[PDB]
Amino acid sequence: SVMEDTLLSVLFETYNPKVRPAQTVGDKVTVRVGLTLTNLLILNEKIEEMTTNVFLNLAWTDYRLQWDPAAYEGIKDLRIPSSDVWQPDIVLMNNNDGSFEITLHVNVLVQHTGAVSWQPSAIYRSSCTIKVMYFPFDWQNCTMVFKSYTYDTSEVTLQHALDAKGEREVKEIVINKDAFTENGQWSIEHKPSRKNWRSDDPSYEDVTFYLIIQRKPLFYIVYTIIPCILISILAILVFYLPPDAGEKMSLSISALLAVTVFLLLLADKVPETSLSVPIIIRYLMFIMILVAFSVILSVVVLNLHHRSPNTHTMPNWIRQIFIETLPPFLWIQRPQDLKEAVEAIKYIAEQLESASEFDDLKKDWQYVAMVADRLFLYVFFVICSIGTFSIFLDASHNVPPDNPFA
């Protein structure tokens, strides 16, 4: 309108946007800073970077942009392009890329009392350190630190924002149910805000918004844990197979290779820091070592099973331990022509008797192998069950604190 043109011409005749508004030398500008989260896009753990879509609710007072509405047909407020007025260089300090400033420069709203309000939008890529000890059963604590890049506490005073009907300060990230998309991999448990100072430097002050987010591990559970449990079952089973089937090595080595490949195809996802080993990797290493020992003891059992008196002599201690003591505990108890003819028959009989004795000794060796195999079966069933249950119970009891501590 014409009156809007007149008012704008009056307001910006000598107004210099490069000069911070201070009625008197030494005055400070109170700036209210709040955040509204529209979407929590990504939490890339490979680069320790959280991407968010946000609005910044900034408010301050500029004594120069004052007018009397009665003189301008009762215009109570104006929408003025944001580059025409002074604004505090509020930036996200702990960004990962180089983008400090906002992305969308929506125009500010100015009221006749001089109260400037600005709600720019931004796609911010902040940097939060990942605590990789319970991944994927982990909760992260990612912070966004906002402050004026240029002005210090001797020039501006940061404060929290006010609620919709400004009566009390808002000390949280605002979430607008109408415009907010759930991540689907993370759930927001706490979202406080707080002003932080530094003891050594009295010119520092910032407003930090904290996001405590808990991961939903269904994807990892299915796609990594379930196959690993199946592989461990096969590793235990290897000790029920009979050594004569000639398939112990196939089964055990297949399990070992499968679990190793599952470990390899997980560096694409697990974070690359070195302050701890994530619980999933610890479980995979545990299963890998268990299967390797399964391979070793399968080799030992086969070696025992394929012995014979022509090659080995059973020592007393093996007989005492495996033939006598263990089995009850494991419930695994068990004329010249006629002269030539007679000589041939006697030779045949002697050969058969010798073969019988040989076979009895060989069967003793095979029984030792059977008993050792059964013992190993029980031992590894116990070990695998206890270890798996312990690891996943420890993982389960990992929840964010009820008090955000900020």
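Residue numbers here begin at 1 and follow the sequence given. Whichever C-alpha set is largest while still superposing within 1.5 Å between the two forms counts as the rigid core.
Comparing the two stretches 259 to 267 and 159 to 167 by root mean square C-alpha distance in 8 other deposited structures of this protein, with all structures fitted on the core, the more displaced one is 259 to 267. Compared with other deposited structures of the same protein, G74 does not meet the criterion of being unmodelled in at least one third, since all of those that resolve residues on both sides include it. Where the other entries of this protein model the residues before and after it, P327 is kept in all of them rather than dropped from a third. Per the record, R334 and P335 are separated by a gap of 10 or more residues from the deposited sequence that were not modelled.
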